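Examination of the molecular architecture
Listed below are the residues making up each chain.
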There are 2 protein chains.
Amino acid sequence: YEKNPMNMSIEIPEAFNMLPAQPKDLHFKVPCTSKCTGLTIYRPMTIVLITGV
Amino acid sequence: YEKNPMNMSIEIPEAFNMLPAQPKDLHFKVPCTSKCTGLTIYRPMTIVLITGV
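So, a few notes on the structure that sits alongside this text.

Summing up its helical and strand segments, chain A has zero helices and six strands in all. Scaling as 2.2 N^0.38, a compact globule of 53 residues should have a C-alpha radius of gyration of about 10 Å, whereas chain A reaches 20 Å, well beyond that. Principal-axis analysis of the C-alpha atoms gives chain A an extent of 55 × 30 × 10 Å. Counting all 53 residues of chain A, 8% fall into the buried class. Of all intrachain contacts in chain A linking residues separated by at least 6 positions in sequence, the fraction that spans at least 24 positions is 49%. Only carbon and sulfur atoms are counted for the fraction: they give 63% of the accessible area of chain A, which is about 5,000 Å². Charged side chains in chain A number 5 positive and 4 negative. The centres of these two groups are separated by 3 Å.

All names here are of chain A. On the secondary structure map, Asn-7 appears in the segment before strand 1 (8-9). With a relative accessible area of 2%, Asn-7 lands in the buried category. A distance of 3.2 Å separates a polar atom in the side chain of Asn-7 from a polar atom in the side chain of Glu-2. Within the local environment of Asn-7, its side chain forms a polar contact with the side chain of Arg-43, the two groups lying 3.2 Å apart. The contacts of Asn-7, once residues within four sequence positions are left out, are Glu-2, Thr-40, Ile-41, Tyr-42, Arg-43 and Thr-46.

All names here are of chain B. Its location among the elements puts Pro-44 in the segment after strand 4 (39-41). Residue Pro-44 is classed as exposed on the basis of its relative accessible area of 58%. Residues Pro-44 and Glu-2, 42 residues apart in the sequence, show an inter-C-alpha distance of 11 Å.

With that out of the way, let us pick up the pattern of salt bridges. On inspection of all chains with the given rule, the structure shows two salt bridges over all chains. With a closest N to O distance of 3.9 Å, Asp-25 of chain A and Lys-24 of chain A form a salt bridge. Each member of the pair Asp-25 of chain A and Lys-24 of chain A is classed as exposed. Across the pair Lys-29 of chain A and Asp-25 of chain B runs a salt bridge, and its minimum N-O distance is 2.8 Å. With one member in each of two chains, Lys-29 of chain A in strand 4 (residues 27-29) and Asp-25 of chain B in the loop between strand 2 (17-18) and strand 3 (32-33) form a pair that bridges those chains. Owing to a relative accessible area of 37%, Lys-29 of chain A belongs among the partly exposed residues under this scheme.

What follows is about a nonpolar patch on the surface. Residues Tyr-1, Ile-10, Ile-12, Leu-39, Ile-41, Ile-47 and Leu-49 of chain A make up a contiguous nonpolar surface patch of roughly 770 Å² in combined accessible area. Inspection of the secondary structure puts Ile-10 of chain A in the loop between strand 1 and strand 2 (17-18).

To continue, consider the state of the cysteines. Working definition: the covalent bond between the sulfur atoms of two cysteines is a disulfide. Residue and element names in this part refer to chain A. Within the structure shown, the criterion is met by zero disulfides over all chains. In this structure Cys-36 is a free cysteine whose sulfur lies 16 Å from that of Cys-32, the closest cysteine sulfur available. Judged by relative accessible area, which is 58%, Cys-36 ranks as exposed.

So, how was this worked out
- Residues numbered from 1 in each chain as written, not as in the entry; some residues may be left out.
- Chains lettered and ligands numbered in written order.
- Part of a larger assembly, values for the part shown.
- Heavy atoms only, no water.
- Helix = DSSP H or I, 4+ residues; strand = E, 2+ residues; numbered from the N terminus.
- Rg over C-alpha atoms; globule rule 2.2 N^0.38 Å.
- Buried < 20%, exposed > 50% of the residue type's maximum accessible area, 1.4 Å probe, protein only.
- Contact = heavy atoms within 4.5 Å.
- Areas by Shrake-Rupley, 256 points an atom, 1.4 Å probe, with all protein chains shown as cover.
- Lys, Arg positive; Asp, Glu negative; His and termini not counted.
- Charge placed at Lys NZ, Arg CZ, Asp CG, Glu CD.
- Polar contact = N/O pair within 3.5 Å; in protein donor to acceptor, adjacent residues only side chain to side chain.
- Salt bridge = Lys/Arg side-chain N within 4 Å of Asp/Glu carboxyl O.
- Patch = residues over 30% accessible without salt bridge, like charges linked within 9 Å, V, L, I, M, F, W, Y side chains within 5 Å.
- Disulfide = S-S within 2.5 Å.

Here it is as structure tokens:
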């Protein structure tokens, strides 16, 4: 393929972050979350696949 | 009936109020509470109910 933002891209609407720690008895639980979308091909004439290799 | 605080009354010793939210993994819970007593009739001879109207 050819690497170019106008051919394909990956979107990250929000970045990795950590919520405030939640205390339980003498310890804490910290949850983390993020967002993603996958791979989007705007122009499908710039990629070639070779399967069965 | 005859409307008079001496005959019947309702008490509300505590009004509606909310508590701070209690977080969980990825959501919250908010509780609400209040107090009441219901109608108290000190002198019940000052009320007449006509039934079947």
